[PDB]
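Next comes start-v3.cif, with mmCIF, C-alpha atoms.
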```cif
data_query
#
loop_
_atom_site.group_PDB
_atom_site.id
_atom_site.type_symbol
_atom_site.label_atom_id
_atom_site.label_comp_id
_atom_site.auth_asym_id
_atom_site.auth_seq_id
_atom_site.Cartn_x
_atom_site.Cartn_y
_atom_site.Cartn_z
ATOM 1 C CA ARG I 28 8.994 8.151 -33.762
ATOM 2 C CA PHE I 29 11.862 8.198 -31.203
ATOM 3 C CA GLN I 30 11.676 10.358 -28.042
ATOM 4 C CA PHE I 31 13.207 10.339 -24.557
ATOM 5 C CA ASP I 32 11.371 13.255 -22.898
ATOM 6 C CA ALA I 33 14.146 14.458 -20.586
ATOM 7 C CA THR I 34 11.731 16.349 -18.305
ATOM 8 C CA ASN I 35 9.431 13.348 -17.989
ATOM 9 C CA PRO I 36 11.389 10.120 -18.391
ATOM 10 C CA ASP I 37 10.387 6.455 -18.244
ATOM 11 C CA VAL I 38 11.608 4.882 -15.032
ATOM 12 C CA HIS I 39 10.840 1.766 -12.989
ATOM 13 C CA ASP I 40 11.755 1.153 -9.334
ATOM 14 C CA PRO I 41 13.982 4.257 -9.049
ATOM 15 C CA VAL I 42 16.496 5.216 -6.370
ATOM 16 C CA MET I 43 18.505 8.478 -6.225
ATOM 17 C CA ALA I 44 21.910 9.817 -5.168
ATOM 18 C CA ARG I 45 23.881 13.080 -5.467
ATOM 19 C CA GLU I 46 27.622 13.595 -5.934
ATOM 20 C CA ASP I 47 29.415 16.867 -6.764
ATOM 21 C CA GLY I 48 26.207 18.727 -7.659
ATOM 22 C CA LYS I 49 25.068 15.979 -10.034
ATOM 23 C CA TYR I 50 21.995 13.790 -9.613
ATOM 24 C CA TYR I 51 22.228 10.049 -10.276
ATOM 25 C CA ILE I 52 19.180 7.791 -10.737
ATOM 26 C CA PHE I 53 19.449 4.002 -10.615
ATOM 27 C CA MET I 54 16.551 1.833 -11.689
ATOM 28 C CA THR I 55 15.415 -1.590 -12.853
ATOM 29 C CA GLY I 56 17.218 -2.430 -16.121
ATOM 30 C CA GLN I 57 19.966 -4.419 -17.841
ATOM 31 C CA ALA I 58 22.971 -4.384 -15.482
ATOM 32 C CA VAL I 59 20.917 -1.916 -13.377
ATOM 33 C CA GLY I 60 19.752 1.101 -15.386
ATOM 34 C CA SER I 61 20.989 4.653 -14.864
ATOM 35 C CA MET I 62 20.099 8.300 -15.456
ATOM 36 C CA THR I 63 21.827 11.634 -14.917
ATOM 37 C CA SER I 64 20.670 15.192 -14.194
ATOM 38 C CA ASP I 65 22.448 18.428 -13.304
ATOM 39 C CA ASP I 66 19.404 19.939 -11.609
ATOM 40 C CA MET I 67 17.057 17.017 -10.828
ATOM 41 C CA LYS I 68 14.809 18.187 -13.712
ATOM 42 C CA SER I 69 16.307 17.058 -17.043
ATOM 43 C CA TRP I 70 17.622 13.540 -17.288
ATOM 44 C CA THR I 71 20.024 11.698 -19.555
ATOM 45 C CA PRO I 72 20.163 7.917 -19.963
ATOM 46 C CA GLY I 73 23.478 6.312 -19.075
ATOM 47 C CA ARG I 74 25.226 2.956 -19.245
ATOM 48 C CA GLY I 75 24.160 -0.096 -17.246
ATOM 49 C CA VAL I 76 25.891 -0.008 -13.885
ATOM 50 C CA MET I 77 27.229 -3.578 -13.614
ATOM 51 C CA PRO I 78 30.555 -3.926 -15.501
ATOM 52 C CA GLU I 79 29.590 -7.578 -15.996
ATOM 53 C CA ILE I 80 26.678 -9.701 -14.782
ATOM 54 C CA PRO I 81 27.974 -11.668 -11.725
ATOM 55 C CA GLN I 82 28.210 -15.469 -11.938
ATOM 56 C CA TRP I 83 26.994 -16.202 -8.408
ATOM 57 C CA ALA I 84 23.664 -14.548 -9.261
ATOM 58 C CA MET I 85 22.947 -16.343 -12.536
ATOM 59 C CA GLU I 86 23.609 -19.595 -10.664
ATOM 60 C CA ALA I 87 21.536 -18.945 -7.533
ATOM 61 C CA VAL I 88 18.568 -17.534 -9.484
ATOM 62 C CA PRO I 89 17.824 -19.675 -12.554
ATOM 63 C CA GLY I 90 16.502 -17.446 -15.334
ATOM 64 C CA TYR I 91 18.379 -14.327 -14.194
ATOM 65 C CA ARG I 92 20.514 -12.972 -17.037
ATOM 66 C CA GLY I 93 21.329 -9.396 -15.990
ATOM 67 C CA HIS I 94 17.911 -7.756 -15.883
ATOM 68 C CA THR I 95 18.214 -6.486 -12.323
ATOM 69 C CA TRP I 96 15.503 -5.019 -10.066
ATOM 70 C CA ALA I 97 15.170 -2.220 -7.511
ATOM 71 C CA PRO I 98 18.696 -1.140 -6.623
ATOM 72 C CA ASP I 99 19.442 0.779 -3.444
ATOM 73 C CA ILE I 100 22.151 3.429 -3.197
ATOM 74 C CA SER I 101 23.752 5.255 -0.253
ATOM 75 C CA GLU I 102 27.121 6.621 0.847
ATOM 76 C CA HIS I 103 28.884 5.649 4.063
ATOM 77 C CA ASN I 104 32.495 6.722 4.758
ATOM 78 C CA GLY I 105 33.251 7.708 1.150
ATOM 79 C CA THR I 106 32.035 4.315 -0.092
ATOM 80 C CA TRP I 107 28.900 3.954 -2.204
ATOM 81 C CA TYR I 108 26.937 0.767 -1.513
ATOM 82 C CA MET I 109 24.516 -0.496 -4.146
ATOM 83 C CA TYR I 110 22.188 -3.333 -3.288
ATOM 84 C CA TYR I 111 20.316 -5.045 -6.133
ATOM 85 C CA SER I 112 17.610 -7.675 -6.693
ATOM 86 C CA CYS I 113 17.789 -10.810 -8.858
ATOM 87 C CA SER I 114 14.544 -12.666 -9.539
ATOM 88 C CA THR I 115 11.925 -13.773 -12.069
ATOM 89 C CA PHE I 116 8.444 -12.201 -11.930
ATOM 90 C CA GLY I 117 5.881 -13.813 -9.614
ATOM 91 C CA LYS I 118 8.314 -16.253 -7.989
ATOM 92 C CA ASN I 119 10.421 -15.954 -4.798
ATOM 93 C CA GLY I 120 13.564 -17.742 -5.967
ATOM 94 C CA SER I 121 15.482 -14.539 -5.429
ATOM 95 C CA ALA I 122 18.751 -13.089 -4.159
ATOM 96 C CA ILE I 123 19.873 -9.637 -3.016
ATOM 97 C CA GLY I 124 23.469 -8.750 -3.947
ATOM 98 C CA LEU I 125 25.799 -5.895 -3.002
ATOM 99 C CA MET I 126 28.442 -3.980 -4.910
ATOM 100 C CA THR I 127 30.588 -1.030 -3.808
ATOM 101 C CA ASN I 128 32.333 1.941 -5.459
ATOM 102 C CA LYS I 129 34.574 4.819 -4.363
ATOM 103 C CA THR I 130 32.869 7.353 -6.665
ATOM 104 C CA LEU I 131 29.710 7.645 -8.819
ATOM 105 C CA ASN I 132 31.265 9.678 -11.661
ATOM 106 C CA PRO I 133 32.156 7.209 -14.469
ATOM 107 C CA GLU I 134 34.734 9.608 -15.972
ATOM 108 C CA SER I 135 36.622 9.459 -12.653
ATOM 109 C CA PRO I 136 39.727 7.224 -12.501
ATOM 110 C CA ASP I 137 38.542 5.923 -9.107
ATOM 111 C CA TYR I 138 35.279 4.631 -10.643
ATOM 112 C CA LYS I 139 35.090 0.829 -10.371
ATOM 113 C CA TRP I 140 32.158 -1.286 -9.138
ATOM 114 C CA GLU I 141 33.475 -4.202 -7.056
ATOM 115 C CA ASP I 142 30.798 -6.856 -6.598
ATOM 116 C CA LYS I 143 30.635 -8.247 -3.077
ATOM 117 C CA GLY I 144 28.322 -11.203 -3.823
ATOM 118 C CA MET I 145 25.150 -12.332 -2.048
ATOM 119 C CA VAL I 146 23.522 -10.578 0.926
ATOM 120 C CA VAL I 147 20.324 -12.604 1.393
ATOM 121 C CA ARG I 148 18.433 -15.247 -0.593
ATOM 122 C CA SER I 149 14.884 -16.587 -0.758
ATOM 123 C CA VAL I 150 14.120 -20.065 -2.083
ATOM 124 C CA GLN I 151 11.000 -21.548 -3.753
ATOM 125 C CA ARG I 152 8.342 -23.470 -1.759
ATOM 126 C CA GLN I 153 10.393 -22.880 1.428
ATOM 127 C CA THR I 154 11.017 -19.236 2.404
ATOM 128 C CA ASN I 155 7.979 -17.188 3.475
ATOM 129 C CA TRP I 156 9.387 -13.936 2.062
ATOM 130 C CA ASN I 157 10.926 -12.693 -1.162
ATOM 131 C CA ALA I 158 14.574 -11.647 -1.486
ATOM 132 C CA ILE I 159 14.004 -8.458 -3.507
ATOM 133 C CA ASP I 160 13.550 -4.697 -2.866
ATOM 134 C CA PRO I 161 16.492 -3.959 -0.510
ATOM 135 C CA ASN I 162 17.057 -0.790 1.537
ATOM 136 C CA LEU I 163 20.077 -0.009 3.699
ATOM 137 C CA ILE I 164 19.378 1.968 6.880
ATOM 138 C CA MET I 165 21.831 2.927 9.622
ATOM 139 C CA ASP I 166 20.893 3.140 13.333
ATOM 140 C CA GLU I 167 21.927 5.924 15.761
ATOM 141 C CA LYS I 168 24.808 3.642 16.842
ATOM 142 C CA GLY I 169 26.125 3.507 13.250
ATOM 143 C CA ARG I 170 25.320 -0.179 12.606
ATOM 144 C CA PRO I 171 23.797 -1.272 9.269
ATOM 145 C CA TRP I 172 20.303 -2.739 8.908
ATOM 146 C CA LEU I 173 18.501 -4.012 5.792
ATOM 147 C CA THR I 174 14.829 -3.994 4.857
ATOM 148 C CA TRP I 175 13.568 -5.927 1.885
ATOM 149 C CA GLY I 176 10.622 -8.023 0.797
ATOM 150 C CA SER I 177 7.628 -8.344 -1.488
ATOM 151 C CA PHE I 178 4.459 -10.349 -0.808
ATOM 152 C CA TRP I 179 4.411 -13.672 1.069
ATOM 153 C CA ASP I 180 4.713 -12.955 4.814
ATOM 154 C CA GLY I 181 5.788 -9.389 4.024
ATOM 155 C CA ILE I 182 8.491 -6.878 4.886
ATOM 156 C CA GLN I 183 11.642 -8.214 6.544
ATOM 157 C CA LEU I 184 14.159 -6.537 8.828
ATOM 158 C CA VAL I 185 17.593 -7.829 9.793
ATOM 159 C CA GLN I 186 20.693 -6.244 11.286
ATOM 160 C CA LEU I 187 23.792 -6.583 9.135
ATOM 161 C CA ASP I 188 27.341 -7.319 10.235
ATOM 162 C CA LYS I 189 29.702 -4.338 9.709
ATOM 163 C CA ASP I 190 30.770 -5.750 6.305
ATOM 164 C CA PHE I 191 27.365 -4.632 4.972
ATOM 165 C CA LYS I 192 26.549 -8.058 3.490
ATOM 166 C CA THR I 193 26.221 -10.837 6.055
ATOM 167 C CA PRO I 194 23.081 -10.786 8.221
ATOM 168 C CA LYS I 195 23.331 -11.432 11.937
ATOM 169 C CA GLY I 196 20.373 -13.555 13.080
ATOM 170 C CA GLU I 197 17.214 -14.467 11.222
ATOM 171 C CA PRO I 198 15.000 -11.701 9.807
ATOM 172 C CA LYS I 199 11.815 -10.527 11.466
ATOM 173 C CA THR I 200 8.609 -9.501 9.691
ATOM 174 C CA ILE I 201 8.043 -5.816 10.212
ATOM 175 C CA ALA I 202 5.060 -4.763 8.063
ATOM 176 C CA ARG I 203 2.130 -6.561 6.413
ATOM 177 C CA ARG I 204 -0.671 -5.475 4.029
ATOM 178 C CA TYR I 205 -3.600 -7.001 5.956
ATOM 179 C CA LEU I 206 -4.646 -9.352 8.856
ATOM 180 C CA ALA I 228 2.747 -14.937 -3.387
ATOM 181 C CA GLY I 229 -0.705 -14.816 -1.746
ATOM 182 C CA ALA I 230 -2.557 -11.525 -1.327
ATOM 183 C CA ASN I 231 -0.214 -9.778 1.092
ATOM 184 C CA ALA I 232 0.395 -6.958 -1.378
ATOM 185 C CA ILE I 233 3.288 -5.195 0.289
ATOM 186 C CA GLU I 234 6.753 -4.451 -1.089
ATOM 187 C CA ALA I 235 9.488 -1.848 -1.654
ATOM 188 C CA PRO I 236 10.334 -0.973 1.923
ATOM 189 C CA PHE I 237 12.289 2.212 2.638
ATOM 190 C CA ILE I 238 13.297 3.517 6.085
ATOM 191 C CA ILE I 239 14.595 6.995 6.908
ATOM 192 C CA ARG I 240 15.610 8.722 10.131
ATOM 193 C CA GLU I 241 13.866 12.019 10.910
ATOM 194 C CA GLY I 242 13.355 13.666 14.299
ATOM 195 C CA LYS I 243 12.565 11.198 17.071
ATOM 196 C CA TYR I 244 11.281 8.474 14.685
ATOM 197 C CA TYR I 245 12.156 5.983 11.977
ATOM 198 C CA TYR I 246 9.651 6.150 9.129
ATOM 199 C CA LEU I 247 9.046 2.993 7.162
ATOM 200 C CA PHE I 248 7.702 3.621 3.685
ATOM 201 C CA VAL I 249 6.013 0.702 1.945
ATOM 202 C CA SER I 250 4.182 0.112 -1.311
ATOM 203 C CA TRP I 251 0.703 -1.397 -1.158
ATOM 204 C CA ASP I 252 -1.243 -3.245 -3.823
ATOM 205 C CA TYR I 253 -0.526 -3.849 -7.494
ATOM 206 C CA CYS I 254 2.208 -2.441 -9.695
ATOM 207 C CA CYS I 255 3.184 -3.643 -13.096
ATOM 208 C CA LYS I 256 -0.315 -3.730 -14.627
ATOM 209 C CA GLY I 257 -0.046 -0.605 -16.793
ATOM 210 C CA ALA I 258 -3.060 1.709 -16.706
ATOM 211 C CA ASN I 259 -4.799 -0.939 -14.545
ATOM 212 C CA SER I 260 -2.283 -0.694 -11.670
ATOM 213 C CA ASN I 261 -3.573 0.423 -8.252
ATOM 214 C CA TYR I 262 -0.162 0.761 -6.553
ATOM 215 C CA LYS I 263 -0.029 3.111 -3.570
ATOM 216 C CA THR I 264 2.468 4.163 -0.913
ATOM 217 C CA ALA I 265 1.912 3.994 2.853
ATOM 218 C CA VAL I 266 3.868 5.164 5.897
ATOM 219 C CA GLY I 267 4.236 4.305 9.614
ATOM 220 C CA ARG I 268 6.648 5.209 12.432
ATOM 221 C CA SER I 269 8.742 3.939 15.348
ATOM 222 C CA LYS I 270 11.252 5.455 17.801
ATOM 223 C CA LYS I 271 13.192 2.160 17.759
ATOM 224 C CA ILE I 272 14.549 0.712 14.486
ATOM 225 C CA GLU I 273 13.242 -2.828 15.179
ATOM 226 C CA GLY I 274 10.360 -1.514 17.265
ATOM 227 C CA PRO I 275 6.702 -1.752 16.203
ATOM 228 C CA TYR I 276 5.838 0.561 13.321
ATOM 229 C CA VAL I 277 2.535 2.378 13.703
ATOM 230 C CA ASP I 278 0.163 4.693 11.834
ATOM 231 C CA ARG I 279 -1.667 7.894 12.875
ATOM 232 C CA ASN I 280 -4.081 5.869 15.000
ATOM 233 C CA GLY I 281 -1.833 3.373 16.746
ATOM 234 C CA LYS I 282 -2.227 0.453 14.325
ATOM 235 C CA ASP I 283 0.792 -1.833 13.776
ATOM 236 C CA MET I 284 2.157 -2.124 10.257
ATOM 237 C CA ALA I 285 2.684 -5.842 10.925
ATOM 238 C CA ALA I 286 -1.119 -6.060 11.058
ATOM 239 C CA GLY I 287 -1.827 -3.762 8.101
ATOM 240 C CA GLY I 288 -1.373 -0.288 9.584
ATOM 241 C CA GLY I 289 -0.133 2.589 7.450
ATOM 242 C CA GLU I 290 -1.052 6.059 6.286
ATOM 243 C CA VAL I 291 -1.576 6.320 2.537
ATOM 244 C CA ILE I 292 0.494 9.223 1.177
ATOM 245 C CA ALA I 293 0.584 8.542 -2.570
ATOM 246 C CA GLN I 294 -2.324 7.086 -4.452
ATOM 247 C CA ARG I 295 -4.661 7.129 -7.434
ATOM 248 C CA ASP I 296 -4.522 10.742 -8.496
ATOM 249 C CA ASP I 297 -5.653 13.124 -11.216
ATOM 250 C CA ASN I 298 -2.333 12.219 -12.858
ATOM 251 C CA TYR I 299 -1.674 8.640 -11.842
ATOM 252 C CA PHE I 300 -3.415 5.268 -11.615
ATOM 253 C CA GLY I 301 -0.848 4.236 -9.046
ATOM 254 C CA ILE I 302 2.287 5.579 -7.394
ATOM 255 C CA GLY I 303 4.765 3.355 -5.595
ATOM 256 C CA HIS I 304 8.165 1.803 -5.030
ATOM 257 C CA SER I 305 9.142 4.803 -2.986
ATOM 258 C CA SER I 306 12.279 6.344 -1.497
ATOM 259 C CA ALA I 307 13.022 9.589 0.374
ATOM 260 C CA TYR I 308 16.036 11.898 0.349
ATOM 261 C CA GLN I 309 17.031 15.151 1.991
ATOM 262 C CA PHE I 310 18.722 17.635 -0.328
ATOM 263 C CA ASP I 311 19.597 21.152 0.857
ATOM 264 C CA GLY I 312 17.312 20.994 3.886
ATOM 265 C CA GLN I 313 14.356 19.699 1.862
ATOM 266 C CA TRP I 314 12.941 16.185 2.001
ATOM 267 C CA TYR I 315 11.867 14.685 -1.342
ATOM 268 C CA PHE I 316 9.554 11.716 -1.915
ATOM 269 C CA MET I 317 10.606 9.824 -5.032
ATOM 270 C CA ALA I 318 8.635 7.022 -6.697
ATOM 271 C CA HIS I 319 7.359 5.801 -10.046
ATOM 272 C CA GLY I 320 3.828 6.562 -11.186
ATOM 273 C CA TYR I 321 1.674 4.993 -13.874
ATOM 274 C CA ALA I 322 0.915 8.166 -15.815
ATOM 275 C CA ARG I 323 -2.535 8.827 -17.244
ATOM 276 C CA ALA I 324 -1.126 11.132 -19.951
ATOM 277 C CA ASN I 325 0.917 8.196 -21.275
ATOM 278 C CA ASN I 326 -1.756 5.496 -20.794
ATOM 279 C CA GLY I 327 -0.025 3.872 -17.797
ATOM 280 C CA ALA I 328 3.650 4.271 -18.723
ATOM 281 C CA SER I 329 5.818 4.298 -15.599
ATOM 282 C CA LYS I 330 7.221 7.794 -15.102
ATOM 283 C CA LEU I 331 9.403 9.477 -12.471
ATOM 284 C CA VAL I 332 7.519 11.038 -9.552
ATOM 285 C CA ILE I 333 9.234 13.533 -7.252
ATOM 286 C CA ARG I 334 7.288 15.516 -4.697
ATOM 287 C CA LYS I 335 8.462 17.834 -1.974
ATOM 288 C CA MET I 336 7.908 16.202 1.392
ATOM 289 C CA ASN I 337 7.475 17.907 4.739
ATOM 290 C CA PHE I 338 6.763 16.726 8.274
ATOM 291 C CA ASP I 339 3.907 18.355 10.146
ATOM 292 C CA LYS I 340 3.339 19.356 13.775
ATOM 293 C CA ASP I 341 2.768 15.764 14.950
ATOM 294 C CA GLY I 342 5.740 14.651 12.850
ATOM 295 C CA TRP I 343 3.904 12.908 10.010
ATOM 296 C CA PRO I 344 5.073 13.211 6.368
ATOM 297 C CA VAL I 345 2.883 15.160 3.935
ATOM 298 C CA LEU I 346 3.414 15.623 0.194
ATOM 299 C CA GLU I 347 2.923 18.441 -2.315
ATOM 300 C CA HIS I 348 0.408 18.315 -5.251
#
```

For this file, produce the structure as structure tokens.
Amino acid sequence: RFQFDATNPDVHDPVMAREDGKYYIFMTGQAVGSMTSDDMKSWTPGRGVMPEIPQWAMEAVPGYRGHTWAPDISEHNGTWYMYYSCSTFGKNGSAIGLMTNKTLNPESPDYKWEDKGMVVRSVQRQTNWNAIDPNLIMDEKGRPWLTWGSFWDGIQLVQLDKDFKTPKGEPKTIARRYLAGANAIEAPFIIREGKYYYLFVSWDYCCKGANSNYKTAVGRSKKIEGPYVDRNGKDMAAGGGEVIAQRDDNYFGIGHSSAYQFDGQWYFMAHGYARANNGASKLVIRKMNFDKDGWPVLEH
């Protein structure tokens, strides 16, 4: 029996954007998957984003054939930038690519995704981080920075040249799980709120159905590079973090997070392994607020 369930759709590694009162979700899928909602409540599957699967990617990552992971979307000066991951599960022979578009509406005559090639690559038996899970974050000076990473040494941070694709120096590890290996940390996401940058990370194990233990943690820093810390002063680089999404009455695990502010309200978006669908990965959106001390807290 065929069913979509518009109010509770299957999604993996989601990211969200809004244009002209319409909500756009981009996720892991062929050519990057997509969804569409008028009200952020009922969704409609769309076409794969990529107009074709880029050659440079298939070459740099052997095995990659268009099944793309964890996109990131954001708008800067009327240009939409979408970062995307190319890899094969369990290995770090990976590359992050970028593509740009003037609009997100596919019925628009201005709609055309121009691929801009490779941003950053990780290579087998050599690089101590994994070139997947990108997130673009701007500083107060307007300069672009990227976070990415999954396992190995952990979460990387590097400033990007103003073309949004070439890094400046080498990266610098910014958050760890403890102390592929057992450094279960991935899906970094940084937002600016108040006096601080908040780095959101996913801890532990996704991708194991109803046996996943995925969770989401948070830490903060006044400086973008500067040490990220939890409620009691512990550095994320050493395994600090406040758990904010977790094993639940509804979920075995919740992770691969992202945060957006729509109409004065912050929203925490992730995917959760739903108990009512024996571990199927569903869309999770919770209202997020910052307390007195300036720490994020979720609804439900």

I need the residue nearest residue I:259 from this list: I:39, I:295, I:319, I:103. Use only C-alpha atoms for the distance.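 Looking only at the distances to residue I:259, the closest residue turns out to be I:295.
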
Going by the chain IDs and residue numbers used in this file, which residues fall under the PyMOL selection byres ((chain I and resi 63) around 12)? Write them as a ChimeraX atom specification. /I:33-34,36,42-46,48-54,60-62,64-74,131-133

Computed interatomic separation between atom CA of residue I:331 and atom CA of residue I:312 (Å): 21.5 Å

Taking the file as shown, find all residues satisfying the PyMOL selection byres ((chain I and resi 178) around 10) and write them as an NGL selection string. :I and (117 or 119 or 155-157 or 176-177 or 179-182 or 203-204 or 228-235 or 251-252)

Nearest to residue I:146 by atom-to-atom distance, counting only C-alpha atoms, from I:338, I:300, I:276, I:175: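 Using only C-alpha atoms, residue I:146 sits closest to I:175.
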
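Atom CA of residue I:128 is found 9.4 Å from atom CA of residue I:102.
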
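Nearest to residue I:273 of all the residues I:337, I:35, I:121, I:200 is I:200, based on all atoms listed in the file.
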
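Nearest to residue I:109 of all the residues I:158, I:202, I:59, I:87 is I:59, based on only C-alpha atoms.
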
Nearest residue to residue I:123 from the set I:193, I:104, I:135, I:305 (distances using only C-alpha atoms):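 Ranking I:193, I:104, I:135, I:305 by distance to residue I:123, first place goes to I:193.
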
Report the distance between atom CA of residue I:293 and atom CA of residue I:108 in Å, rounded to one decimal place.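 These atoms are spaced 27.5 Å apart.
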
How about completing stretch 190-201 of chain I with N, CA, C and O atoms and giving it to me as a PDB file, in the frame of the given file?
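Final file, rebuild14.pdb:
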```pdb
ATOM      1  N   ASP I 190      30.296  -5.597   7.688  1.00  0.00           N
ATOM      2  CA  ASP I 190      30.770  -5.750   6.305  1.00  0.00           C
ATOM      3  C   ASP I 190      29.674  -5.436   5.284  1.00  0.00           C
ATOM      4  O   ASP I 190      29.893  -5.526   4.073  1.00  0.00           O
ATOM      5  N   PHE I 191      28.492  -5.089   5.791  1.00  0.00           N
ATOM      6  CA  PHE I 191      27.365  -4.632   4.972  1.00  0.00           C
ATOM      7  C   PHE I 191      26.682  -5.723   4.142  1.00  0.00           C
ATOM      8  O   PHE I 191      25.775  -5.425   3.355  1.00  0.00           O
ATOM      9  N   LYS I 192      27.091  -6.979   4.320  1.00  0.00           N
ATOM     10  CA  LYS I 192      26.549  -8.058   3.490  1.00  0.00           C
ATOM     11  C   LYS I 192      26.092  -9.321   4.215  1.00  0.00           C
ATOM     12  O   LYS I 192      25.202 -10.010   3.737  1.00  0.00           O
ATOM     13  N   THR I 193      26.689  -9.650   5.351  1.00  0.00           N
ATOM     14  CA  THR I 193      26.221 -10.837   6.055  1.00  0.00           C
ATOM     15  C   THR I 193      25.269 -10.442   7.168  1.00  0.00           C
ATOM     16  O   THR I 193      25.609  -9.604   8.006  1.00  0.00           O
ATOM     17  N   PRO I 194      24.062 -11.033   7.167  1.00  0.00           N
ATOM     18  CA  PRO I 194      23.081 -10.786   8.221  1.00  0.00           C
ATOM     19  C   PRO I 194      23.572 -11.326   9.554  1.00  0.00           C
ATOM     20  O   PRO I 194      24.453 -12.178   9.584  1.00  0.00           O
ATOM     21  N   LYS I 195      23.021 -10.833  10.652  1.00  0.00           N
ATOM     22  CA  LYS I 195      23.331 -11.432  11.937  1.00  0.00           C
ATOM     23  C   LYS I 195      22.424 -12.642  12.198  1.00  0.00           C
ATOM     24  O   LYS I 195      22.753 -13.762  11.783  1.00  0.00           O
ATOM     25  N   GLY I 196      21.282 -12.439  12.843  1.00  0.00           N
ATOM     26  CA  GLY I 196      20.373 -13.555  13.080  1.00  0.00           C
ATOM     27  C   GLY I 196      19.472 -13.856  11.893  1.00  0.00           C
ATOM     28  O   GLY I 196      19.842 -13.652  10.731  1.00  0.00           O
ATOM     29  N   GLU I 197      18.285 -14.365  12.200  1.00  0.00           N
ATOM     30  CA  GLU I 197      17.214 -14.467  11.222  1.00  0.00           C
ATOM     31  C   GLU I 197      16.505 -13.116  11.085  1.00  0.00           C
ATOM     32  O   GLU I 197      16.599 -12.269  11.988  1.00  0.00           O
ATOM     33  N   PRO I 198      15.815 -12.898   9.947  1.00  0.00           N
ATOM     34  CA  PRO I 198      15.000 -11.701   9.807  1.00  0.00           C
ATOM     35  C   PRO I 198      13.756 -11.753  10.680  1.00  0.00           C
ATOM     36  O   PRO I 198      13.471 -12.763  11.324  1.00  0.00           O
ATOM     37  N   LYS I 199      13.031 -10.648  10.693  1.00  0.00           N
ATOM     38  CA  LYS I 199      11.815 -10.527  11.466  1.00  0.00           C
ATOM     39  C   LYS I 199      10.846  -9.688  10.637  1.00  0.00           C
ATOM     40  O   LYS I 199      11.223  -8.646  10.095  1.00  0.00           O
ATOM     41  N   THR I 200       9.618 -10.177  10.498  1.00  0.00           N
ATOM     42  CA  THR I 200       8.609  -9.501   9.691  1.00  0.00           C
ATOM     43  C   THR I 200       8.207  -8.211  10.383  1.00  0.00           C
ATOM     44  O   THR I 200       7.988  -8.192  11.595  1.00  0.00           O
ATOM     45  N   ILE I 201       8.126  -7.133   9.613  1.00  0.00           N
ATOM     46  CA  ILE I 201       8.043  -5.816  10.212  1.00  0.00           C
ATOM     47  C   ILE I 201       6.810  -5.009   9.764  1.00  0.00           C
ATOM     48  O   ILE I 201       6.352  -4.107  10.474  1.00  0.00           O
TER      49      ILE I 201
END
```
